[PDB]
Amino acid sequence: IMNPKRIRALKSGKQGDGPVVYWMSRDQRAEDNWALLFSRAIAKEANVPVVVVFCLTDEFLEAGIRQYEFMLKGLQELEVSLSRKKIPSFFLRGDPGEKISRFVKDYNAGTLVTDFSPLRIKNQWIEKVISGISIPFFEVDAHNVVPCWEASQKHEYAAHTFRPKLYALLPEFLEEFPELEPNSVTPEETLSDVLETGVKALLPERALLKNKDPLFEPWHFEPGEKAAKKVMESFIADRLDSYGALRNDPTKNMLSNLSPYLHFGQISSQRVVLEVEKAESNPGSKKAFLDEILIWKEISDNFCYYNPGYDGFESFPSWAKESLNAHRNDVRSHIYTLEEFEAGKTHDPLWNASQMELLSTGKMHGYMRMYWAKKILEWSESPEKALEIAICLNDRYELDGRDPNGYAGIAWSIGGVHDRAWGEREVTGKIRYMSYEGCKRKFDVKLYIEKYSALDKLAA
């Protein structure tokens, strides 16, 4: 039994006789999952087993092997984890609107549950699934602490507007997780080949170095529920105490390193928050970190949920479009094309340094993300093209890419969504400016450049 404001009736309906079916999507984990926890609870009152069903869409050919393997190795571990609680896992392979709604038929499912994403394509799928199922259809926010549609019913203009609203809801929703009770009813293709198949598809596209070896180094983030925990734990032990004072230094590995895990659902951020809240470190440090994993993460959901064009110019706030529109004819000092950005071929060795961190590691430092996308706007031929170029490089190369945090962060950087207006520059209007020189007062830039020094020539 759990908080019901975590649930939303999609298709009002009458209960079916068969298994309760969890259509997993965003939250790829067995522990700390309110979606799976609710489907087990309604599975228990109907005395049916609960099964999980995952769909593998052809969206993987938009990304690279790095994302596809991180997740495929992640699913492979969950699969063993679900089986131990007697919950079988089914892996469909196609377009969900057709595939889920015909799984529901072939399987006589009693009722249907999914997790919550604000991305446009998921909602498109749901309404397809809804039109073609008889059984009721339930939705659970397992990704935010406070449910997106409960935190605030409108678009939030800034962190300080949303921050009260979220924090007066924290006592009621920041609670611990119960246990996933294993199935008691035991019930009636393979992830190996699907990985081999998908890798073969993506190989022609891999990002190589001149010497025909790949760029991406797969050893900075082991994928999986197990590996994620040892990251959250090492963070609370080694880094959190100094997080607030070094969050902004791209030479200190002092971030949480959590975002590939949170993105794929491999760890609950509600578990993190519990574990930070009880953990005993710098009060300033906890407050800075909680503002990121709580306020900034869950507002980025608030962004895409209430702004369908979250990845377009029209989503920017009224003043910001006015400013960029005023400066559309200004002569840019430089203009680069996508693949020149991609290949680290700017005049700015600090900018190429971080492009190099993105290519080789799959995670750009969070301070260097704000700079990277501001310099794209400043050296691209138009607002729209900057956006386009930045999303394409983010989602193609970030492990945490294709995520509401990506868009709301790109919108923040380029269009100022969730930000204020600043002193008026040429080209970038009133958009918050960051300078190379700003980064020199904050951290030894020569060390950052030095680290990824000798990848540009080695991968030209």
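Start at 1 and count along the sequence shown; that's the residue number.
Enquirer: I'd like to know the size of any gap between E188 and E189, counted in deposited residues with no coordinates: none, 1 to 3, 4 to 9, or 10 or more.
Expert: According to the record, 4 to 9 deposited residues lack coordinates from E188 to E189.
Enquirer: If you average the CA temperature factors over each stretch, which comes out higher, 88-96 or 300-308?
Expert: Averaged over C-alpha atoms, the B-factors run higher in 88-96.
Enquirer: Pick between 276-284 and 261-269: the one whose mean CA B-factor in the entry is higher.
Expert: Mean B over CA atoms: larger for 276-284.
Enquirer: Return the residue from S354, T361, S184, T346 that has the highest Cα B-factor in the entry.
Expert: Spelled out: the listed residue with the top C-alpha B-factor is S184.
Enquirer: Quiz for you: based on the deposited Cα B-factor, which of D419, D403, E45, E69 is highest?
Expert: Reading the PDB entry, the winner on C-alpha B-factor is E45.
Enquirer: Lowest, middle or highest third: where is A35 by Cα B-factor in its chain?
Expert: For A35, whose C-alpha B-factor we compare with every modelled residue in the chain, the answer is the highest third.
Enquirer: Based on the deposited C-alpha B factors for this chain, I'd like to know if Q76 is in the lowest, middle or highest third.
Expert: Its C-alpha B-factor, which the entry lists for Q76, ranks in the middle third among residues of this chain.
Enquirer: Grab the CA temperature factor for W125 from the record and place it in the lowest, middle or highest third of its chain.
Expert: Answer is middle: the recorded C-alpha B-factor places it there.
Enquirer: Against its chain's modelled residues, does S333's Cα B factor rank lowest, middle or highest third?
Expert: Highest third - that is where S333 ends up once the chain's C-alpha B-factors are sorted.
Enquirer: According to the PDB entry, is the CA B factor of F313 in the bottom, middle or top third of its chain, that is, lowest, middle or highest?
Expert: Middle third, going by the recorded CA B-factors of the chain.
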